[PDB]
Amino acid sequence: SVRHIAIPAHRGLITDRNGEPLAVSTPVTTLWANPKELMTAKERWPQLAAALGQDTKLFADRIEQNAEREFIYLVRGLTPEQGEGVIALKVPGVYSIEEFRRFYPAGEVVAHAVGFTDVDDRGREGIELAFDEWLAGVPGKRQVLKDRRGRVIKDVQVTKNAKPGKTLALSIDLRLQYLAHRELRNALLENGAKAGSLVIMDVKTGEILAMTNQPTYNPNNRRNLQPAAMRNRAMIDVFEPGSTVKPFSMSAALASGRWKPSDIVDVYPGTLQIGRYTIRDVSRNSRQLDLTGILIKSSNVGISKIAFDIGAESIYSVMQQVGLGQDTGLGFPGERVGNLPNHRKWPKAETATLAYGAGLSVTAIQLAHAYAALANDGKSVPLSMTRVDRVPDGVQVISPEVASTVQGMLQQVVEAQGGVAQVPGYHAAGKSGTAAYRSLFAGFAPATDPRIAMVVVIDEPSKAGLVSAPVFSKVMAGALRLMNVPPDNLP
C-alpha cells in the first residue's frame, strides 16, 4: 500500500490579556497497533490487555475482527511514562505516536469563553472553535509504502515539518474572570437560583474583560457533562431586558427636543388603559414624577407616556444603534442575535412595551455593549474577545450631551435612596430589571470617567432585581481595584 502519515501540529497557546495560559497543547503518547503484526504474537495479547485494563477476551475479539486492518488505536491520548510502561512489554505490532492534548489551567473559571477541543484536537466550543482556523496550524506529512503485514517499508519521499498554530491573547483578564466567577457562584447559592451570567466590558476599548456563566464545567474532566452546564448563556440565552432598556427610552426622549430631566409626567393612578390592554406600575402612589423620578419609582406608565409623546421610531432607532437585537460581529457559532421588532406604524400597545423592554429579546453581551456605549459618552466601540492593542474608531450612537445627562440620571438612581448597587469610594451608575423570574442589573463606573460596564443576569432566584444589585456592587468594587482605577468619590 501507499499511505499518508499525518504529523501532528502544536495547537496555538491561548492566554489571558496579561499572557497567563488558558489553553496549552500538552505532549501525550497514543499507543496504536498493527493488527496484522499482533496476529503473529497472540501469546502476548493477555499481558497487553491487562496493561490497558481491558477484558482479555474483549481485547482478543477486537484484534481478531480487525485482523485485515493495518491501523487501530489501543489507547488514544494516554499520558507518557505510563505509555512507556506498555512499550516496555516489547509486544510485536505495538507502537507509539507522540500527540498533543489540550490542558485548561483555569478549568471551570473560564470554561464557556475558552471552550475545548473535540477528539481530533479541533475547536468545539468558545474561542477554541471561533478561532479554530488561527489556533489549528498545519499538520506535516510522511508518505510511506507498507508490507503485506503493514510494516513500514521505507521509500519515504520528502517528509514535511508541520506548521504550528499561532498563540492568541484574549481580552479576558483572569483576575477579573476569577472575581466574577466566584461572586456569581456565591450569588446563585445565596439566592437559590438555577443559572446566571455576568459580563464585564472595557467601555473605552470594546474588550470583554470577564464573561462567566453558572452552571459551569471542568473542560479537563468532561466525563459526567450536563449539556445544560456547557451553555455559554451570556452569548446564547436571549431574554426580555425589561426595565434595563429604560435608559435608552430616556436617551430618545432627551434627543427629541421635547424632554429634559426636570420635566414632569403625571402617572396617577399607576395604571394606563390602552384599548383593552392596561399598563400597570408596581408602586401606584405617584402623581407628578420628573424623568429621574420615573426611573427611581420604576414607573412603566411614566416611560410609556413619554414614548407616546416622542414616537416608538426614535426609541427603536436608539436601541438598534446601541446594538440590541443586532449581530455583535464576534462570529461565535451558535451566538444568538435576539429580536428587536420593527413596524411601519407602531400601535400604542407595542410603543409602550418597546419603551419598558417587553417584546424585544437581547443577550447579556448585547446589553453590556449597549451600557458600554452609554458609559463611553454615547460612542460605541466594536466588541472584541481578543486583546485590543490598537483601538478601532467608535461610532457616535447617542449624542455626548444626551449620554452624559442619562449617566447623571443613572447615578441618582444608584445614590438617591441608598440600600433598599453603591460601590464605596466610587460613583457607580446602574439600572435594575425583573422580567419564574429573571433578576437583571446593568451599570458602569466610575461616573467621573467610566471604565467598566457590567451586566448581571440571575435566572429564577428562590431564596427570596435586588438579587442582582449586590453581585454588581461586589464585582464592580473588586474589578475597579484590580484595574488600579483611582476612587472618584472625592471632596
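Residues carry their position along the shown sequence, with the first being 1.
Enter the number of deposited residues without atomic coordinates between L52 and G53, binned as none, 1 to 3, 4 to 9, or 10 or more.
-> Gap between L52 and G53: none.
From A435 to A436, how many deposited residues does the entry skip: none, 1 to 3, 4 to 9, or 10 or more?
-> 10 or more residues are missing.
Quick one: higher average CA temperature factor, 182-190 or 302-310?
-> Result: 182-190.
With respect to the recorded C-alpha B factors, which stretch has the higher mean value, 162-170 or 251-259?
-> Averaging CA B-factors over each stretch, the winner is 162-170.
Selection by C-alpha B-factor (highest) of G126, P382, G77, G408 = In this record, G77 carries the highest C-alpha B-factor of the candidates.
In this PDB entry, which of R284, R336, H369, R149 has the top CA B-factor?
-> The C-alpha B-factor peaks, among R284, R336, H369, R149, at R149.
Assigned third (lowest, middle, highest) for the C-alpha B factor of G394 = Its C-alpha B-factor belongs to the middle third of this chain's values.
Is the Cα B-factor recorded for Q177 in the lowest, middle or highest third of its chain?
-> Lowest third of the chain for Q177's C-alpha B-factor.
Thinking about Cα B factors across the chain, which third does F59 belong to?
-> Middle third - that is where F59 ends up once the chain's C-alpha B-factors are sorted.
Using the B-factors in the PDB entry, rank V238's C-alpha atom against the chain and give the third, lowest, middle or highest.
-> Middle third by C-alpha B-factor.
With respect to C-alpha B-factor, does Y426 fall in the lowest, middle or highest third of the chain as deposited?
-> Its C-alpha B-factor belongs to the middle third of this chain's values.
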